[PDB]
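*Asks:* The structure under discussion is supplied below as structure tokens; questions concerning it will follow.
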Amino acid sequence: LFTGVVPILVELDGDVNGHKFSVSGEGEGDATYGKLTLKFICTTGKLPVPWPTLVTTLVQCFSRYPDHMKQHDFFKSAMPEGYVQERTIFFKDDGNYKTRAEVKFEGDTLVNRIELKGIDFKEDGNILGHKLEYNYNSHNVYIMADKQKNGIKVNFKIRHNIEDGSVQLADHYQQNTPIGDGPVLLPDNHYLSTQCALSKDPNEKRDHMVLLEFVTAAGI
């Protein structure tokens with residue numbers, strides 16, 4: 001399923017502090033390189049929150065798992081039936097996002113369909129006030145087997161640099177559970193070294209985000 005380039009489609013319906021928006025993304029992924037290339041468009045106009053705050057929500061099955069760690073790749077093992085991915089994201093001293101996504105193959109395309117709900121954000125906070133830098137730091141995504149639910153428990157803290165020079169933390173709590181009933185690979189503890197680079201197409205006038213992502217599994 002992931003031997004070569006795979007087309008990707010991402011759909012997100014969001015509601016933050018009552019502000020409703022929709023984001024659509026398209027591109028491709030190459031697990032062999034652990035690379036993702038995607039463009040996202042806010043199809044409802046201006047995005048009410050900073051693009052960087054939606055990166056983690058907007059397909060870890062594209063991570064490059066070295067061959068000696070392939071028995072720890074839950075993400076691809078759950079395919080093509082896919083997995084449900086849910087998170088709660090708390091922005092320090094501000095609101096939180098609650099998301100529920102379904103990641104699976106629809107025809108030849110890997111599709112990530114998400115629903116996001118944001119509550120308790122400060123009107124003039126770093127989020128609703130768009131005070132975050134348009135960039136992204138590298139982070140380690142810690143994965144643990146969740147034997148019980150035959151899935152995984154994932155945790156990590158995102159560091160969003162603020163335009164004033166400070167840092168806006170976003171604690172992520174995520175759970176992944178297979179959509180299929182068959183067995184999947186339950187990994188030993190490990191992490192995904194994840195890198196993201198954000199850019200803009202100067203010719204594009206719609207509110208958008210061009211994203212390049214590099215991810216390699218490690219820890220074993």
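Residues in the structure tokens are numbered from 1 in each chain, the chains being A, B, ... in the order shown, and ligands are numbered from 1 in the order shown.
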List as a tab-separated table every residue of stretch 79-154 of chain A that is in contact with stretch 13-36 of chain A, defined as an atom at most 12 Å from one of its atoms (using only C-alpha atoms), together with the nearest atom pair and the distance in Å rounded to one decimal, sorted by chain and then rising number.

*Replies:*
residue	atom	partner	partner_atom	distance
A:94	CA	A:17	CA	11.7
A:95	CA	A:17	CA	8.9
A:96	CA	A:16	CA	9.0
A:97	CA	A:16	CA	7.9
A:98	CA	A:14	CA	9.9
A:99	CA	A:14	CA	9.0
A:100	CA	A:13	CA	10.3
A:101	CA	A:13	CA	10.3
A:108	CA	A:28	CA	11.3
A:109	CA	A:28	CA	8.9
A:110	CA	A:28	CA	8.7
A:111	CA	A:26	CA	9.4
A:112	CA	A:25	CA	9.3
A:113	CA	A:13	CA	8.5
A:114	CA	A:13	CA	6.4
A:115	CA	A:13	CA	5.0
A:116	CA	A:14	CA	4.6
A:117	CA	A:15	CA	4.9
A:118	CA	A:16	CA	3.9
A:119	CA	A:17	CA	5.1
A:120	CA	A:17	CA	6.6
A:121	CA	A:17	CA	6.5
A:122	CA	A:17	CA	9.0
A:123	CA	A:17	CA	8.9
A:127	CA	A:16	CA	10.1
A:128	CA	A:16	CA	8.8

*Asks:* Write out, as a short mmCIF file (atom, residue, chain, number, x, y, z; two decimals), in the first residue's frame, the residues just selected, with N, CA, C and O atoms.

*Replies:*
data_model
loop_
_atom_site.label_atom_id
_atom_site.label_comp_id
_atom_site.auth_asym_id
_atom_site.auth_seq_id
_atom_site.Cartn_x
_atom_site.Cartn_y
_atom_site.Cartn_z
N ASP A 94 -4.70 29.19 27.48
CA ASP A 94 -5.70 29.52 26.47
C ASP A 94 -6.66 28.34 26.28
O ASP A 94 -6.75 27.48 27.15
N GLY A 95 -7.36 28.30 25.15
CA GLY A 95 -8.32 27.22 24.92
C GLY A 95 -7.76 25.87 24.51
O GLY A 95 -6.56 25.62 24.59
N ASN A 96 -8.65 24.97 24.07
CA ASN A 96 -8.25 23.63 23.66
C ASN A 96 -9.03 23.12 22.46
O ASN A 96 -10.16 23.53 22.24
N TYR A 97 -8.40 22.23 21.68
CA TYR A 97 -9.05 21.62 20.52
C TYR A 97 -9.39 20.17 20.87
O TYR A 97 -8.65 19.52 21.60
N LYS A 98 -10.49 19.67 20.32
CA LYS A 98 -10.85 18.29 20.53
C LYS A 98 -11.11 17.85 19.10
O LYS A 98 -11.91 18.46 18.39
N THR A 99 -10.41 16.82 18.65
CA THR A 99 -10.57 16.36 17.28
C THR A 99 -10.84 14.88 17.18
O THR A 99 -10.46 14.11 18.06
N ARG A 100 -11.53 14.50 16.11
CA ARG A 100 -11.83 13.11 15.82
C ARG A 100 -11.66 12.96 14.32
O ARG A 100 -12.31 13.65 13.53
N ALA A 101 -10.77 12.06 13.93
CA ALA A 101 -10.50 11.84 12.53
C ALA A 101 -10.53 10.38 12.15
O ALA A 101 -10.31 9.50 12.98
N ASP A 108 -7.76 4.67 -4.45
CA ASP A 108 -6.30 4.73 -4.40
C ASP A 108 -5.79 5.84 -3.49
O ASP A 108 -4.58 5.97 -3.29
N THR A 109 -6.69 6.65 -2.94
CA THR A 109 -6.29 7.78 -2.11
C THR A 109 -6.36 7.59 -0.59
O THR A 109 -7.31 7.01 -0.07
N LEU A 110 -5.33 8.06 0.11
CA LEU A 110 -5.30 7.99 1.57
C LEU A 110 -6.04 9.26 1.99
O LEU A 110 -5.62 10.38 1.67
N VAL A 111 -7.15 9.09 2.69
CA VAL A 111 -7.96 10.23 3.10
C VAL A 111 -8.05 10.40 4.61
O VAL A 111 -8.25 9.44 5.35
N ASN A 112 -7.88 11.65 5.03
CA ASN A 112 -7.96 12.02 6.44
C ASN A 112 -9.13 12.98 6.58
O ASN A 112 -9.07 14.11 6.13
N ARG A 113 -10.21 12.51 7.20
CA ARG A 113 -11.40 13.33 7.39
C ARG A 113 -11.51 13.66 8.87
O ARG A 113 -11.68 12.76 9.70
N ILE A 114 -11.43 14.95 9.19
CA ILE A 114 -11.45 15.41 10.58
C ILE A 114 -12.58 16.36 10.96
O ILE A 114 -13.10 17.13 10.14
N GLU A 115 -12.93 16.31 12.25
CA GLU A 115 -13.92 17.19 12.85
C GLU A 115 -13.14 17.76 14.02
O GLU A 115 -12.57 17.01 14.80
N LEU A 116 -13.10 19.09 14.12
CA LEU A 116 -12.37 19.76 15.20
C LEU A 116 -13.28 20.76 15.92
O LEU A 116 -14.02 21.50 15.28
N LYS A 117 -13.20 20.77 17.24
CA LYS A 117 -14.01 21.69 18.05
C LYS A 117 -13.06 22.41 19.01
O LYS A 117 -12.32 21.77 19.75
N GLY A 118 -13.08 23.74 18.96
CA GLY A 118 -12.23 24.53 19.84
C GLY A 118 -13.09 25.31 20.81
O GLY A 118 -14.09 25.90 20.41
N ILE A 119 -12.72 25.30 22.09
CA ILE A 119 -13.49 26.00 23.11
C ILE A 119 -12.60 26.75 24.10
O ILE A 119 -11.43 26.41 24.29
N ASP A 120 -13.16 27.78 24.72
CA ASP A 120 -12.48 28.61 25.71
C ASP A 120 -11.23 29.38 25.28
O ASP A 120 -10.35 29.63 26.09
N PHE A 121 -11.16 29.77 24.01
CA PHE A 121 -10.00 30.52 23.57
C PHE A 121 -10.16 32.00 23.89
O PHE A 121 -11.27 32.53 23.88
N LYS A 122 -9.05 32.66 24.19
CA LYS A 122 -9.06 34.08 24.51
C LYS A 122 -9.20 34.87 23.22
O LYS A 122 -8.49 34.63 22.24
N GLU A 123 -10.13 35.82 23.22
CA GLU A 123 -10.38 36.66 22.06
C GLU A 123 -9.09 37.31 21.57
O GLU A 123 -8.85 37.40 20.36
N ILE A 127 -3.85 32.55 19.83
CA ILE A 127 -4.59 31.82 18.81
C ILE A 127 -5.55 32.69 18.01
O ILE A 127 -5.30 32.97 16.83
N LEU A 128 -6.65 33.09 18.64
CA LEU A 128 -7.65 33.92 17.98
C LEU A 128 -7.09 35.27 17.57
O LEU A 128 -7.63 35.93 16.68
#

*Asks:* Mind giving me the straight-line distance from atom CA of residue A:210 to atom CA of residue A:157 in Å, one decimal?

*Replies:* 22.5 Å

*Asks:* Atom CA of residue A:195 and atom CA of residue A:91, how far apart in Å?

*Replies:*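 Taking atom CA of residue A:91 and atom CA of residue A:195, their separation equals 20.0 Å.
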
*Asks:* Mind listing the strand (DSSP E or B) residues of stretch 15-218 of chain A, per DSSP on the backbone, as number ranges by chain?

*Replies:* A: 15-16, 19-30, 35-42, 64, 83-91, 96-106, 109-119, 132, 139-146, 151-162, 167-178, 190-199, 208-218

*Asks:* Pick out the closest residue to residue A:54 from this set: A:217, A:134, A:188, A:77. Count only C-alpha atoms.

*Replies:* A:134

*Asks:* If we count only C-alpha atoms, what is near residue A:209 at a cut-off of 6 Å, once residues fewer than 6 positions away on the same chain are taken out, given as a list in words?

*Replies:*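 Listing them by chain and then by number gives residues 39, 40 and 200 of chain A.
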
*Asks:* I'd like to know which of A:141, A:158, A:103, A:5 is closest to residue A:194, using only C-alpha atoms.

*Replies:*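 Among the listed residues, the smallest separation from residue A:194 belongs to A:141.
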
*Asks:* Show me, as a list in words, the residues that have an atom within 9 Å of residue A:61 when counting only C-alpha atoms, minus same-chain residues fewer than 6 positions from it.

*Replies:*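 Listing them by chain and then by number gives residues 2, 31, 73, 74, 75, 76, 77, 78 and 79 of chain A.
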
*Asks:* For atom CA of residue A:186 and atom CA of residue A:3, quote the distance in Å rounded to one decimal.

*Replies:* 21.2 Å

*Asks:* Using only C-alpha atoms, can you tell me which of A:138, A:161, A:88, A:71 comes closest to residue A:57?

*Replies:*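 Counting only C-alpha atoms, the residue closest to residue A:57 is A:88.
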